[PDB]
Amino acid sequence: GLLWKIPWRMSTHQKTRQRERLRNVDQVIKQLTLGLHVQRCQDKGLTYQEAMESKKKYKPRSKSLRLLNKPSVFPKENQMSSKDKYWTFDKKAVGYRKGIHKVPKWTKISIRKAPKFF
Amino acid sequence: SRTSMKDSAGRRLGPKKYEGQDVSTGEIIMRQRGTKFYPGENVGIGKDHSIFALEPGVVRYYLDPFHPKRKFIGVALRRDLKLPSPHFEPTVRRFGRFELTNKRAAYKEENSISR
Amino acid sequence: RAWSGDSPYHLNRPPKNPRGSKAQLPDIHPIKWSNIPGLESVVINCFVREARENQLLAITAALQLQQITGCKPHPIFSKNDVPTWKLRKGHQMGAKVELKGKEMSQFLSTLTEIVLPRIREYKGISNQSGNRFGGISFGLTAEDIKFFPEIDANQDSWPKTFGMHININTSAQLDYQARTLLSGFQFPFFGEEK
Amino acid sequence: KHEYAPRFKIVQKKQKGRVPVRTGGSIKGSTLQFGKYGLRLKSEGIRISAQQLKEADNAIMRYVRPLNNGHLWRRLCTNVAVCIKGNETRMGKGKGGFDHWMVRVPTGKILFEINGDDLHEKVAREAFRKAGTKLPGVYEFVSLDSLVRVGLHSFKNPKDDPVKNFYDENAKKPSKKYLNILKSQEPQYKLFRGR
RNA sequence: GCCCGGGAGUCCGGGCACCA
RNA sequence: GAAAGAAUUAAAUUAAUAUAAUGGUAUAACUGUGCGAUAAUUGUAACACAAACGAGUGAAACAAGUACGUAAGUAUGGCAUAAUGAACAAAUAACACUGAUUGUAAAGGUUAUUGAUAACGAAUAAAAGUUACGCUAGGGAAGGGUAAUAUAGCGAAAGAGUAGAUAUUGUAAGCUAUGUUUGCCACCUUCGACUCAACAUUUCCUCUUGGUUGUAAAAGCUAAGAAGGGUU
RNA sequence: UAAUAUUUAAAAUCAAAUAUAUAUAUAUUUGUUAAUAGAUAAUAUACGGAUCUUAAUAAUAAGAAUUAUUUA
RNA sequence: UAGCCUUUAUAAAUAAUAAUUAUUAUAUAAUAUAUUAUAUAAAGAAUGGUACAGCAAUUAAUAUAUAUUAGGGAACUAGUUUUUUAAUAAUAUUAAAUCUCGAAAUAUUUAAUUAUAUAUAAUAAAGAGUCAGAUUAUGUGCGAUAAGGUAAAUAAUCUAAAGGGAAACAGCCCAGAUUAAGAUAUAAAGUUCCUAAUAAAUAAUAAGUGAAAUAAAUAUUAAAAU
Ligand SMILES: [Mg+2]
Ligand SMILES: [Mg+2]
Ligand SMILES: [Mg+2]
Ligand SMILES: [Mg+2]
Ligand SMILES: [Mg+2]
Ligand SMILES: [Mg+2]
Ligand SMILES: [Mg+2]
Ligand SMILES: [Mg+2]
Ligand SMILES: [Mg+2]
Ligand SMILES: [Mg+2]
Ligand SMILES: [Mg+2]
Ligand SMILES: [Mg+2]
Ligand SMILES: [Mg+2]
Ligand SMILES: [Mg+2]
Ligand SMILES: [Mg+2]
Ligand SMILES: [Mg+2]
Ligand SMILES: [Mg+2]
Ligand SMILES: [Mg+2]
Ligand SMILES: [Mg+2]
Ligand SMILES: [Mg+2]
Ligand SMILES: [Mg+2]
Ligand SMILES: [Mg+2]
Ligand SMILES: [Mg+2]
Ligand SMILES: [Mg+2]
């Protein structure tokens, strides 16, 4: 019909970009957590520097942040597998897999955890 | 009838007022077929099994120990207090009538009686 | 039977119906001093089938029952519909009487001393007739009913007579016990082998 | 006797649906619960029609017939009725007429298994290969000690799994309804319900 | 609904209004 | 230790529900019974749900009277969701509201009720065809896609083949390719003959070759290369 | 160590890494084949095209422009 | 007509939008086996029955040198055994648009708090246009798991959107042009030349496979693991 010339693989450059994006997302989360921790420290009664130093850093309480922190639910880039950085689970593909770059707004969308065996 | 093609519209039944929400006496809370929810404190039930508020207050959904395997919707009279209210503690009533200060009005009220 | 909790679906599940049957069964308690077999009640049901046509027959049957027993029967209506036999619901057909206490004892005595003996070829109750929780049943033909005292005294009065079933409920846990008990009251069980 | 023609009372048409790609890792129908050697699906889930199944069955049967005390059992039944429109007709004017029966087969499911003291495993394997040729997927031979297909490039052993008691779990972390029931059971409530 | 023809009742066929 | 009572627990459920299906229902709405035929009453109905409007749905409360109930209370028809139809014009009653000079009336209005527009928001009380003799305004409100069918090929091999699946054959089922057929979609609005042919190869002949208990030879059959020339 | 019959797996197992008490234990995370054929029509080859696969002897010097995992 | 848009304005106006707290459990500390504070874990107030998961009940399917119920055939002298036929029961296994006993995420959604106020909501007086949409992705119905097909659902873009990339390109990937300027960050995409910009590392490939549109069963050859 109408030619949408989009390849089934990604170029190395694309892959690298994807990786970078993933890393950035992780970093954002990390930063958020750090901020929360330092706020907690300040509330308790410490300085900024002191808070930064502290061995026992506080985990976040809010559900979403906690979930993000868990690597079971939301892996970090170094943890993540090759097969999940550049492919998603498609319920109706051959091999039940599909290049992430096919997913509508893949540059914004985050999607790490494919199914366990698929 | 080679083709079918008939059907009725959706009935829009369901919860119309959620836990924590402030109702006013009369407001419909839940629409339903049958009683999936039962009337609780300060709540009435109409011909459709529609649950509605009898008093101004806050809507709550609860499980009543006295009635296992039944879900309740009720109106707590004020927000702070829980609704499957302690069985022996005195029942929190509203009264909710104002007194006729205006003297003429009061007089009129005094005068008026049953037929 | 309760469900094995080896899966989360078993959680709020209704239990499995008994391995053997659909219905649940009672516990058999040992026969001690507190729960010896005894006669509980005697139910007589005379479902006159010819009453599908003639409704007066039902009335006559009821009267006969009353005469036999000395306590008011209750009408038996046709509970089902079926075309093969001419049967339609809402039709009085026969009478049913619940006998208890002294009256039931009296009835049993009458059955044993007079009727069952007088019936020509009677070889006794069948041993297979156990309800299985200590209940026993047997029939009487239309002819045997003539042998009752209240009917025998006036054969002129009773042209038509109607056969009946007799059910006997006992405090027995099992059928064999019940039949033994019945034998004590002079009931011949020479009908068969258990 | 009628796995290929299930006798439903009300012969009713059925929406096409979709073949499940059991993502929670089902393992159900994927093990050979009777029989020695089996035939499993290796590829993506597929809709196998009754005719195909029958043909496969017949192919297998010729291998079994010779065996003394040898038999074949069929693990799946064609339960979904398929309606097909006449080729000549155009779009519209409702759904077509009942054509045939099919079965949705997930990725790792066993179609058939066999057994028969006499049979050499090689022969069985051959038979299953032959059967495969009649079916619309790609198939694999399974033995009594071959690990279960979960995904399409992933396996597992059913013996290695969490043997839980779920009542206990519930008790540990209870639902609201259960709690309510418990409360009700507790003395005062029981006393004062006054039904 | 009202009026006929084949004391009341049933069962049938005619009309006469109503026809917005 | 027994008898009786009060029960309680379990199971409750597809039985029953005026009536389809769904949701509910034993604390019963389900069943039985007493009284009662009364809430299948009368004015105001806030406020919600729903909702374009017209409509619809639940309904607290105020007042008037009634039924049952020791009382608490409960009843504004039916366990719930279908069971329906606007205005206009007519018709019947009530109202005391106007009464075209005044008084009566007529007529209109208010309240209550009646019959249908099922194309069911109903164009009129009242309405079918044909035009290839047609005309006007407009709209498009074989190609492209698909490959079910078709043709072609493969994989596996039931079975033929005087024996032996695989010389030659090759059921039904499998996997594909082509866009040469019959269709489907609606992006988009003529079959033959003559003349001249160009291109392709899935080759009919001619050239080379492998297989052929079915290559003795000659004729064949089948397969590989091959489009140079030719193909009434 | 030869031959032998399957399988193409990190589920299990092993290795490595991260988080919890911590030289261990617990929990999570990641790591398991490749070619060739099958392969095909009509204006013209058709990765967009050029073209790209490296080699001593010698280059102040080329060494994938493919596929997979990465770095700056 | 409502929906979506605009103009002017109103206020004992923050009602709007977004998130958080709200629950359960464990550990520690303090008071009276409870309450508070701190930490940690848990898909964490209330509403729900899709996926997934399941075969319970309902509807369907399979297997028994198993049990029962009768029948057919059979041996010896009606009794009996075996071979079974069907049904029911038992045990095991299975699936479904109109089965869900377990059961997500997304979702609907509440009060207070915090953030958005050159901001949002509500209302009042005025105006419109629109009511043949298209594609992409996801989950579907119809079709044959055909269609650049058709019908709806969710999101985006196009419609009405220029710019960079996808060779060319409505709908893809990024990004919204007030006007310039061109120093610095860059997005998606790329970096031998055409053509703006590149150097490395480890493997694999010898087919030009492949190099921005992956063609299947199957066969052959090799390689690992047991
Ligand atoms: Mg394009
Ligand atoms: Mg509906
Ligand atoms: Mg399923
Ligand atoms: Mg029901
Ligand atoms: Mg009622
Ligand atoms: Mg309205
Ligand atoms: Mg009309
Ligand atoms: Mg009309
Ligand atoms: Mg007309
Ligand atoms: Mg056409
Ligand atoms: Mg075409
Ligand atoms: Mg050729
Ligand atoms: Mg070409
Ligand atoms: Mg290129
Ligand atoms: Mg408008
Ligand atoms: Mg559904
Ligand atoms: Mg229109
Ligand atoms: Mg379209
Ligand atoms: Mg336009
Ligand atoms: Mg643009
Ligand atoms: Mg826009
Ligand atoms: Mg702008
Ligand atoms: Mg190439
Ligand atoms: Mg290509």
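Residues numbered from 1 in each chain as written, not as in the entry; some residues may be left out. Chains lettered and ligands numbered in written order. Part of a larger assembly, values for the part shown. Heavy atoms only, no water. Residues with missing side-chain atoms left out of burial classes, pairs and counts.

- Looking up chain B in the PDB entry gives the name 54S ribosomal protein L2, mitochondrial, with the organism given as Saccharomyces cerevisiae.

- In the nomenclature of the PDB entry, chain A corresponds to 54S ribosomal protein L31, mitochondrial from the organism Saccharomyces cerevisiae.
- Its UniProt record gives chain A the following Subunit comment, quoted word for word: "Component of the mitochondrial large ribosomal subunit (mt-LSU). Mature yeast 74S mitochondrial ribosomes consist of a small (37S) and a large (54S) subunit. The 37S small subunit contains a 15S ribosomal RNA (15S mt-rRNA) and 34 different proteins. The 54S large subunit contains a 21S rRNA (21S mt-rRNA) and 46 different proteins."
- A UniProt comment under Subcellular location is attached to chain A, and it reads "Mitochondrion". (UniProt positions renumbered as here; feature names shortened; annotations may be inferred.)

1. A word on the overall build of chain A
Line of reasoning, step 1. In terms of helices and strands, chain A carries 4 helices and 2 strands.
Line of reasoning, step 2. Along the chain direction, N to C, the helices and strands of chain A fall in the order α-α-α-α-β-β.
Line of reasoning, step 3. The C-alpha radius of gyration of chain A comes to 19 Å, more than 25% above the 13 Å expected for a compact globule of 118 residues.
Line of reasoning, step 4. Taken over the C-alpha atoms alone, chain A extends approximately 65 × 30 × 20 Å along its principal axes.
Line of reasoning, step 5. Looking at the 118 residues of chain A, the share that counts as buried comes to 27%.
Line of reasoning, step 6. At a minimum sequence separation of 6, the contacts of chain A that also span at least 24 residues come to 53%.
Line of reasoning, step 7. Roughly 8,800 Å² of accessible area belongs to chain A as shown, and the carbon and sulfur atoms make up 57% of that amount.
Line of reasoning, step 8. Here chain A contributes 31 positively and 8 negatively charged side chains, and the mean placements of these two sets differ by 9 Å. (Helix = DSSP H or I, 4+ residues; strand = E, 2+ residues; numbered from the N terminus. Rg over C-alpha atoms; globule rule 2.2 N^0.38 Å. Buried < 20%, exposed > 50% of the residue type's maximum accessible area, 1.4 Å probe, protein only. Contact = heavy atoms within 4.5 Å. Areas by Shrake-Rupley, 256 points an atom, 1.4 Å probe, with all protein chains shown as cover. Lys, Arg positive; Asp, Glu negative; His and termini not counted. Charge placed at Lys NZ, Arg CZ, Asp CG, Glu CD.)

2. Side note on the interface of chain D and chain C
Line of reasoning, step 1. Between chain D and chain C, the contact holds 5 residues from the first and 8 residues from the second.
Line of reasoning, step 2. Summing the contributions of chain D and of chain C, the shared interface buries around 510 Å²; its carbon and sulfur component is 62%.
Line of reasoning, step 3. By the criterion of area lost to chain C, the three top residues of chain D are D:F166, D:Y167 and D:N170, representing 84% of everything that side buries.
Line of reasoning, step 4. Taken together, chain D and chain C are joined by 2 residue pairs in polar contact.
Line of reasoning, step 5. Along the lines of polarity and charge, the residues of the side of chain D that touches chain C split into 2 nonpolar, 2 polar and 1 charged. (Buried area = accessible area lost by both parts, 1.4 Å probe. Polar contact = N/O pair within 3.5 Å; in protein donor to acceptor, adjacent residues only side chain to side chain. Nonpolar A, V, L, I, M, F, W, Y, C, P; charged D, E, K, R; others polar.)

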